[PDB]
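Down below is the structure, laid out as structure tokens.
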Protein chains: 4
Amino acid sequence: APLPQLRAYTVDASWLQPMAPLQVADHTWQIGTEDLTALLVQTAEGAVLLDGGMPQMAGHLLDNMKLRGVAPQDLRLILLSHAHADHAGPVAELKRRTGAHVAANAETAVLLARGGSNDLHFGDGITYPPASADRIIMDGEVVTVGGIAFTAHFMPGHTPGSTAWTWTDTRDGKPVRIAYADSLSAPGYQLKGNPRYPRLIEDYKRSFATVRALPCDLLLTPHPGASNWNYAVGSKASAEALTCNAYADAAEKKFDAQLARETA
Amino acid sequence: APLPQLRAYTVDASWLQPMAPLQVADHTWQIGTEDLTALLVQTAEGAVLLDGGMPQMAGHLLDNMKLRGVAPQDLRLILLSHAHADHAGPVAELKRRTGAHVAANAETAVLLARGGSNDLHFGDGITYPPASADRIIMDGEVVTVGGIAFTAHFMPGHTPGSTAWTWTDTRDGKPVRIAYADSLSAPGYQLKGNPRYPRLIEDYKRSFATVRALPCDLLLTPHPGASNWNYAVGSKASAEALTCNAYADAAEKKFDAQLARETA
Amino acid sequence: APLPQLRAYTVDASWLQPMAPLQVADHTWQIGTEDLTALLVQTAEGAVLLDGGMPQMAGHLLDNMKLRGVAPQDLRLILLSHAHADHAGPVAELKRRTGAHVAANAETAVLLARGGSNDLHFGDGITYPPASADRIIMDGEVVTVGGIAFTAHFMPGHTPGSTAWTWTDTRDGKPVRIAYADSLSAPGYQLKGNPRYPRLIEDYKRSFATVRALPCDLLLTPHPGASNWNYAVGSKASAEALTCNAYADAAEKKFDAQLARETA
Amino acid sequence: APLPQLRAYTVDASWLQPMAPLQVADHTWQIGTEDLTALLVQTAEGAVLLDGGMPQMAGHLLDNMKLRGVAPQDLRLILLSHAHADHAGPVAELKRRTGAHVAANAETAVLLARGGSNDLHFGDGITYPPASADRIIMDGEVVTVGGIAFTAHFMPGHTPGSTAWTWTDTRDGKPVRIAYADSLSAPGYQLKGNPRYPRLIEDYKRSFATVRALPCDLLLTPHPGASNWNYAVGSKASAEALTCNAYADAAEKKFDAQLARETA
Ligand SMILES: [Zn+2]
Ligand SMILES: [Zn+2]
Ligand SMILES: [Zn+2]
Ligand SMILES: [Zn+2]
Ligand SMILES: [Zn+2]
Ligand SMILES: [Zn+2]
Ligand SMILES: [Zn+2]
Ligand SMILES: [Zn+2]
């Protein structure tokens with residue numbers, strides 16, 4: 001009876017459905033797939049990328065970028081929410097192919113350096129090509145590219161290095177505060193008494209408060225269904241979107257329900 | 001007029017005064033120098049090292065270890081307070097020469113990986129040979145070696161990855177709770193409105209509370225004068241030692257005095 | 001039409017067939033599977049491991065080690081042939097779980113650091129959890145553990161950092177020179193005019209000469225069928241084994257046949 | 001008697017004498033100091049940098065670049081000869097400050113990753129801030145930036161990852177083949193019977209042959225005096241320059257004299 005064959009990290013078919021670039025604000029675009037968010041901000045001095053999706057989306061991301069007049073050498077910075085396979089996937093390949101720089105915090109960098117291996121909750125179940133972080137950022141550090149300022153908000157929970165990003169764009173003159181909050185989910189995570197993550201509960205609760213008090217007029221999540229976005233219906237994709245309070249308050253209800261269900 | 005020559009990181013002569021191993025508890029020893037703490041815990045299954053001092057103390061540390069019947073292949077784990085040149089110095093050389101493993105948190109690992117370069121406050125002024133962290137630990141994670149349990153307490157302040165370590169030894173039967181708290185100093189640090197460290201103030205204040213509520217009967221610091229230790233006077237070196245409350249309360253007074261002196 | 005799902009690196013069922021430790025010489029053992037070689041040398045001062053197989057063999061390797069009276073903290077060094085998924089697989093997990101040190105050359109280290117990703121010929125097709133090399137070794141460097149000396153012989157071909165290892169054991173007194181030569185195969189490799197590996201041909205030809213002039217009385221390969229070993233038939237597993245000249249001369253014939261078949 | 005204070009890596013005052021950009025060919029410039037070569041190639045799609053000098057030249061290099069109409073975000077690639085403190089010094093700082101990518105071979109990358117620490121011949125005597133290599137290149141790999149092709153020629157000797165670079169520029173129409181050969185010196189190196197570098201002799205001799213058979217009409221070295229360049233006398237700085245044959249033949253004479261002087 002041989003040892004078992006390796007299993008591939010398979011996701012839903014909706015996560016790999018390539019969509020055309022959908023505009024979010026004057027300078028913010030969505031270039032990922034139908035249920036995976038990949039954001040591209042076009043500044044005068046280059047382009048910023050936030051997340052990327054699955055590792056096999058590197059070629060799709062480059063197309064959407066090329067459609068927006070952005071050549072590979074124009075992508076200056078790659079910002080991340082958290083470094084899992086379905087979010088920080090093609091980061092290694094995009095660095096090799098575009099000459100961009102990764103800006104992430106320490107806990108995200110160390111995870112990104114080992115390709116998601118030895119995950120606190122998944123182990124080596126999901127694994128993506130490893131990338132290196134080029135700039136270590138702290139909580140509240142402002143990253144400016146082409147005059148657009150990205151401020152980091154640490155929300156340690158899903159991963160130790162989860163980070164929500166805040167920037168201010170425009171909408172034909174009207175400034176629009178954008179918040180890109182990370183997933184507040186705990187899928188299969190052992191919440192109470194976790195040896196790998198001992199302060200997981202307090203970290204989650206403190207993250208719930210963080211997202212509530214965010215400067216935000218329009219919120220986006222790595223998974224659109226978390227913010228009730230619907231990338232498929234084009235323009236009215238942001239209609240039934242949630243607030244910051246509504247998002248963190250809904251996540252907290254599912255977290256308390258998870259912790260109570262775990263006592264039994 | 002040429003560009004300026006590099007300056008060597010020079011310290012006080014007391015920091016490099018090699019001292020003989022001085023016993024702290026039944027299983028805890030001090031093997032560093034007169035004003036630099038290097039702790040060695042002798043378990044049944046190997047030896048743990050906490051800090052090491054300046055990079056040029058690697059050969060002195062090995063001697064003291066050999067005096068305590070500890071061969072190079074007997075040092076299993078290296079634990080760190082914070083990864084600066086005068087504390088995590090010979091860590092690279094000790095890994096090459098003893099086959100030990102480094103256990104540090106993410107913020108300490110990333111700093112240890114670039115040899116203290118690009119320090120938030122010192123820049124490239126101090127720089128030591130880089131080492132790699134072999135185990136990433138979280139706040140409150142218990143590291144056990146030979147039945148002796150080390151629990152990590154994060155005190156982000158001096159460095160983002162500052163860590164106080166707690167273990168329980170004996171004293172001819174009587175169990176003695178030991179706490180190795182990191183420096184709570186801010187030498188030349190810009191406290192108010194630091195762009196590299198924006199949440200420095202709240203991080204310091206939260207560290208002050210952490211050290212107060214530590215399980216501790218005998219406290220040690222990387223610099224003995226911080227805990228009013230006097231490694232020179234041998235046995236009575238722990239006489240006038242401070243408490244946890246007294247240490248963090250004294251550091252907080254000097255921090256508030258520093259922040260107020262900084263407004264002017 | 002969604003983007004394609006990731007494919008798992010699946011191997012033959014014979015490669016994952018766990019076998020009992022089979023003795024090769026007085027101090028050399030085989031602890032891998034039926035068609036994957038994992039060698040364990042038991043010295044007076046610790047145990048050396050050469051290769052490991054697929055990443056999912058970490059738990060099987062520990063069993064065989066425990067059967068040979070070798071505790072996890074007794075494995076001092078991990079030596080590698082080349083750093084592919086089916087050979088350097090569980091190296092990350094074994095470091096975390098045994099406190100061993102990896103000794104590999106630069107080209108093997110850099111590949112091992114990115115988990116086989118961006119392979120010159122496979123790309124991201126095969127990928128294993130990344131590990132870090134703790135000692136960089138040169139061509140002809142002698143690694144000694146417990147009085148047993150391992151000398152490295154670089155054979156750049158299959159991978160840039162391919163390495164054959166030579167050590168001298170015993171056989172009830174009679175010294176036996178052992179050579180562990182790496183695979184000399186080029187499965188699907190583009191030999192003529194490769195942009196990623198331009199000097200591939202000369203490197204292969206020079207490797208063919210290297211293996212011929214090896215100090216060797218008994219040869220082993222990462223794949224037993226390459227040396228005509230038959231781990232299944234226990235004691236007579238080394239009966240129809242090949243020589244060094246016969247191995248490199250057979251590989252060269254298949255390489256010239258491959259290069260000529262490639263001109264057409 | 002305390003342990004000795006650290007010593008700073010001090011160089012000659014000529015090595016830090018900032019000079020104005022001196023043109024070498026139509027697209028090649030020298031932007032370093034009087035006796036340290038830092039080359040800048042201006043292509044239509046960005047700028048390439050070869051070497052940089054001492055770590056404290058990062059601010060001087062940026063000035064000369066800004067004088068040549070090259071903004072920090074215009075430097076796309078950093079190529080290296082060998083990764084020592086006086087050559088690959090400001091590479092860490094230039095990556096943080098310009099968003100460039102480092103292209104070096106494996107042996108150069110691993111050295112660059114530990115900041116020159118644990119040098120085969122200098123140990124931790126010289127140490128610079130560590131940088132990370134973004135693209136691993138092989139012997140004979142062509143790197144193209146803005147239509148200008150750089151081909152790598154490995155000359156393992158001074159360091160295991162020594163590399164000479166060849167590109168073809170112009171001189172008001174006339175194409176000029178440029179070769180940037182690494183130092184062929186062995187200052188204090190133990191040539192015969194070196195345990196850290198066992199194949200040092202054959203590696204040097206093979207490097208001597210490599211540089212002779214280089215496509216080169218004008219040669220430059222990291223140290224101008226090695227090629228009898230005189231950056232000080234402006235235009236006639238390339239007058240009494242050596243050939244490829246003359247350079248490698250002169251270095252070989254000093255190497256054989258060194259090895260014979262070493263037998264005694
Ligand atoms: Zn995730
Ligand atoms: Zn997710
Ligand atoms: Zn410090
Ligand atoms: Zn200090
Ligand atoms: Zn292979
Ligand atoms: Zn193989
Ligand atoms: Zn040098
Ligand atoms: Zn030099």
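Identifiers for the structure tokens are assigned positionally: chains receive A, B, ... in sequence, residues are indexed from 1 per chain, and ligands are indexed from 1 in the order shown.
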
Quiz item: Skipping near chain neighbours, those fewer than 2 positions away, what residues fall within 9 Å of range 81-90 of chain C using only C-alpha atoms, listed as a PyMOL selection string?
Solution: chain C and resi 9+11+15+36-38+50-59+79+92-95+104+108-109+111-112+115-116+119+126-130+158-165+180-183+222

Export, as a PDB file, in the first residue's frame, the selected residues with C-alpha atoms.
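Wrote it out as selection_37.pdb, contents follow:
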ATOM      1  CA  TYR C   9       2.881  16.274  -9.418  1.00  0.00           C
ATOM      2  CA  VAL C  11       4.544   9.852  -9.739  1.00  0.00           C
ATOM      3  CA  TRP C  15       8.154   5.514  -5.952  1.00  0.00           C
ATOM      4  CA  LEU C  36      13.534   6.202  -4.462  1.00  0.00           C
ATOM      5  CA  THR C  37      16.855   6.227  -2.616  1.00  0.00           C
ATOM      6  CA  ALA C  38      17.168   7.797   0.836  1.00  0.00           C
ATOM      7  CA  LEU C  50      21.420  11.830   1.685  1.00  0.00           C
ATOM      8  CA  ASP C  51      18.278  12.702  -0.310  1.00  0.00           C
ATOM      9  CA  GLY C  52      14.765  11.946   0.935  1.00  0.00           C
ATOM     10  CA  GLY C  53      12.395  11.338  -1.968  1.00  0.00           C
ATOM     11  CA  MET C  54       8.938  12.843  -2.395  1.00  0.00           C
ATOM     12  CA  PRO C  55       7.740  15.487   0.099  1.00  0.00           C
ATOM     13  CA  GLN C  56       5.177  13.035   1.539  1.00  0.00           C
ATOM     14  CA  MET C  57       7.932  10.646   2.711  1.00  0.00           C
ATOM     15  CA  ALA C  58       8.943  12.766   5.716  1.00  0.00           C
ATOM     16  CA  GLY C  59       6.944  10.590   8.105  1.00  0.00           C
ATOM     17  CA  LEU C  79      23.161  16.135   1.949  1.00  0.00           C
ATOM     18  CA  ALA C  92      11.798  21.552   4.641  1.00  0.00           C
ATOM     19  CA  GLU C  93       9.749  19.334   6.959  1.00  0.00           C
ATOM     20  CA  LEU C  94      12.781  17.343   8.142  1.00  0.00           C
ATOM     21  CA  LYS C  95      14.589  20.541   9.142  1.00  0.00           C
ATOM     22  CA  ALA C 104      24.469  21.938  -0.641  1.00  0.00           C
ATOM     23  CA  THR C 108      21.398  23.619  -5.381  1.00  0.00           C
ATOM     24  CA  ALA C 109      20.819  26.120  -2.565  1.00  0.00           C
ATOM     25  CA  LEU C 111      16.882  26.113  -6.319  1.00  0.00           C
ATOM     26  CA  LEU C 112      16.107  24.655  -2.882  1.00  0.00           C
ATOM     27  CA  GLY C 115      11.087  25.136  -3.893  1.00  0.00           C
ATOM     28  CA  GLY C 116      11.974  23.992  -7.396  1.00  0.00           C
ATOM     29  CA  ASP C 119      12.872  25.250 -13.066  1.00  0.00           C
ATOM     30  CA  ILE C 126       6.905  20.525  -9.939  1.00  0.00           C
ATOM     31  CA  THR C 127       7.133  22.481  -6.686  1.00  0.00           C
ATOM     32  CA  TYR C 128       7.978  21.392  -3.144  1.00  0.00           C
ATOM     33  CA  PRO C 129       8.078  23.294   0.173  1.00  0.00           C
ATOM     34  CA  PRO C 130      11.177  25.510   0.138  1.00  0.00           C
ATOM     35  CA  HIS C 158      20.440  17.403 -14.797  1.00  0.00           C
ATOM     36  CA  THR C 159      20.358  20.506 -12.597  1.00  0.00           C
ATOM     37  CA  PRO C 160      23.030  23.212 -12.359  1.00  0.00           C
ATOM     38  CA  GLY C 161      23.784  22.042  -8.824  1.00  0.00           C
ATOM     39  CA  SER C 162      23.937  18.287  -9.360  1.00  0.00           C
ATOM     40  CA  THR C 163      26.413  16.677  -6.974  1.00  0.00           C
ATOM     41  CA  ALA C 164      27.826  13.172  -6.563  1.00  0.00           C
ATOM     42  CA  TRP C 165      28.977  12.215  -3.068  1.00  0.00           C
ATOM     43  CA  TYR C 180      26.295   8.285  -4.838  1.00  0.00           C
ATOM     44  CA  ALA C 181      26.134   9.710  -8.361  1.00  0.00           C
ATOM     45  CA  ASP C 182      23.282  11.956  -9.451  1.00  0.00           C
ATOM     46  CA  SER C 183      20.996  11.228 -12.384  1.00  0.00           C
ATOM     47  CA  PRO C 222      18.770   8.471  -6.574  1.00  0.00           C
TER      48      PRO C 222
END

Exercise. Counting only C-alpha atoms, collect the residues of chain D whose closest atom lies at most 7 Å from chain B, and write them out as JSON, numbers by chain.
Key: {"D": [1, 2, 3, 5, 6, 7, 8, 9, 10, 13, 16, 17, 18, 114, 117, 129, 130]}

Quiz item: What are the DSSP strand (DSSP E or B) residues of range 67-173 of chain C, as a ChimeraX atom specification?
Solution: /C:75-79,88,101-104,119,123,135-136,142-145,148-154,163-171

Selected residues written out, N, CA and C atoms, as a short mmCIF file (atom, residue, chain, number, x, y, z; two decimals), in the first residue's frame:
data_model
loop_
_atom_site.label_atom_id
_atom_site.label_comp_id
_atom_site.auth_asym_id
_atom_site.auth_seq_id
_atom_site.Cartn_x
_atom_site.Cartn_y
_atom_site.Cartn_z
N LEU C 75 19.86 13.40 13.85
CA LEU C 75 20.17 13.68 12.46
C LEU C 75 20.86 15.04 12.38
N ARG C 76 22.16 15.03 12.10
CA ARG C 76 22.94 16.26 12.12
C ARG C 76 22.97 16.97 10.77
N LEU C 77 23.09 16.23 9.67
CA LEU C 77 23.30 16.84 8.37
C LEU C 77 22.46 16.17 7.30
N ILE C 78 21.98 16.98 6.36
CA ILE C 78 21.22 16.53 5.20
C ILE C 78 22.02 16.92 3.96
N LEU C 79 22.48 15.92 3.22
CA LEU C 79 23.16 16.13 1.95
C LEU C 79 22.23 15.77 0.80
N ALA C 88 14.56 16.08 -3.19
CA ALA C 88 14.71 16.97 -2.05
C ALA C 88 13.36 17.38 -1.47
N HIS C 101 20.98 20.18 9.56
CA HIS C 101 21.51 21.25 8.73
C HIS C 101 21.69 20.76 7.31
N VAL C 102 21.31 21.60 6.35
CA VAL C 102 21.43 21.27 4.94
C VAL C 102 22.77 21.76 4.42
N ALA C 103 23.50 20.88 3.73
CA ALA C 103 24.76 21.23 3.08
C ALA C 103 24.61 20.97 1.59
N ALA C 104 24.60 22.04 0.80
CA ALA C 104 24.47 21.94 -0.64
C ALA C 104 25.28 23.06 -1.27
N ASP C 119 11.89 26.21 -12.58
CA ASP C 119 12.87 25.25 -13.07
C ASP C 119 13.26 25.59 -14.50
N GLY C 123 9.70 24.54 -15.25
CA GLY C 123 8.96 25.71 -14.79
C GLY C 123 8.41 25.48 -13.40
N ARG C 135 24.93 25.48 4.85
CA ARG C 135 26.36 25.52 4.56
C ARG C 135 26.57 25.44 3.06
N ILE C 136 27.23 26.45 2.50
CA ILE C 136 27.58 26.47 1.08
C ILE C 136 28.91 25.75 0.90
N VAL C 142 35.43 18.69 1.53
CA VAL C 142 35.22 17.50 2.35
C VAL C 142 34.35 17.88 3.54
N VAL C 143 33.23 17.20 3.69
CA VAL C 143 32.35 17.36 4.85
C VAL C 143 32.55 16.14 5.73
N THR C 144 32.95 16.37 6.98
CA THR C 144 33.20 15.29 7.93
C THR C 144 32.17 15.34 9.04
N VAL C 145 31.53 14.20 9.31
CA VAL C 145 30.59 14.05 10.41
C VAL C 145 30.93 12.74 11.12
N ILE C 148 33.51 10.28 9.54
CA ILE C 148 33.26 9.83 8.17
C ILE C 148 33.26 11.05 7.25
N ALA C 149 34.07 10.99 6.20
CA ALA C 149 34.32 12.13 5.32
C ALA C 149 33.53 11.97 4.03
N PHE C 150 32.72 12.98 3.71
CA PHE C 150 31.98 13.07 2.46
C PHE C 150 32.63 14.14 1.59
N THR C 151 33.04 13.76 0.39
CA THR C 151 33.66 14.67 -0.56
C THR C 151 32.69 14.92 -1.71
N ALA C 152 32.51 16.18 -2.08
CA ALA C 152 31.57 16.56 -3.11
C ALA C 152 32.23 16.53 -4.48
N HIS C 153 31.50 16.02 -5.47
CA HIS C 153 31.93 16.01 -6.86
C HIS C 153 30.81 16.63 -7.69
N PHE C 154 31.03 17.84 -8.20
CA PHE C 154 30.01 18.53 -8.97
C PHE C 154 29.87 17.88 -10.34
N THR C 163 25.24 17.00 -7.77
CA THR C 163 26.41 16.68 -6.97
C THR C 163 26.44 15.18 -6.68
N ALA C 164 27.58 14.55 -6.95
CA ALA C 164 27.83 13.17 -6.56
C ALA C 164 28.68 13.15 -5.30
N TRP C 165 28.33 12.27 -4.37
CA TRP C 165 28.98 12.22 -3.07
C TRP C 165 29.77 10.92 -2.92
N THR C 166 30.97 11.03 -2.36
CA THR C 166 31.87 9.90 -2.18
C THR C 166 32.22 9.76 -0.70
N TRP C 167 32.06 8.56 -0.16
CA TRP C 167 32.52 8.28 1.19
C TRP C 167 33.01 6.84 1.25
N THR C 168 33.81 6.55 2.27
CA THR C 168 34.42 5.24 2.45
C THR C 168 33.87 4.62 3.73
N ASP C 169 33.14 3.52 3.58
CA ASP C 169 32.57 2.78 4.70
C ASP C 169 33.38 1.50 4.92
N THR C 170 32.76 0.52 5.58
CA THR C 170 33.38 -0.78 5.83
C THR C 170 32.38 -1.88 5.51
N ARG C 171 32.86 -3.12 5.50
CA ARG C 171 32.04 -4.30 5.27
C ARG C 171 32.65 -5.44 6.09
#

Practice problem: For CA of residue 28 in chain A and CA of residue 47 in chain A, determine how far apart the two atoms are, in Å to one decimal place. | Solution: 10.0 Å

Quiz prompt | Among listed residues B:233, B:105, B:71, B:39, nearest residue 137 in chain B (using only C-alpha atoms) | solution = B:105

Quiz item: Neighbours of residue 262 in chain B within 9 Å (only C-alpha atoms; same-chain residues fewer than 6 positions away dropped), as a ChimeraX atom specification?
Solution: /B:190-192

Exercise. May I have the residues within 10 Å of residue 205 in chain A as a list in words, using only C-alpha atoms and disregarding those fewer than 2 positions away in the same chain?
Key: residues 155, 156, 157, 200, 201, 202, 203, 207, 208, 209, 210, 248, 252, 255 and 256 of chain A
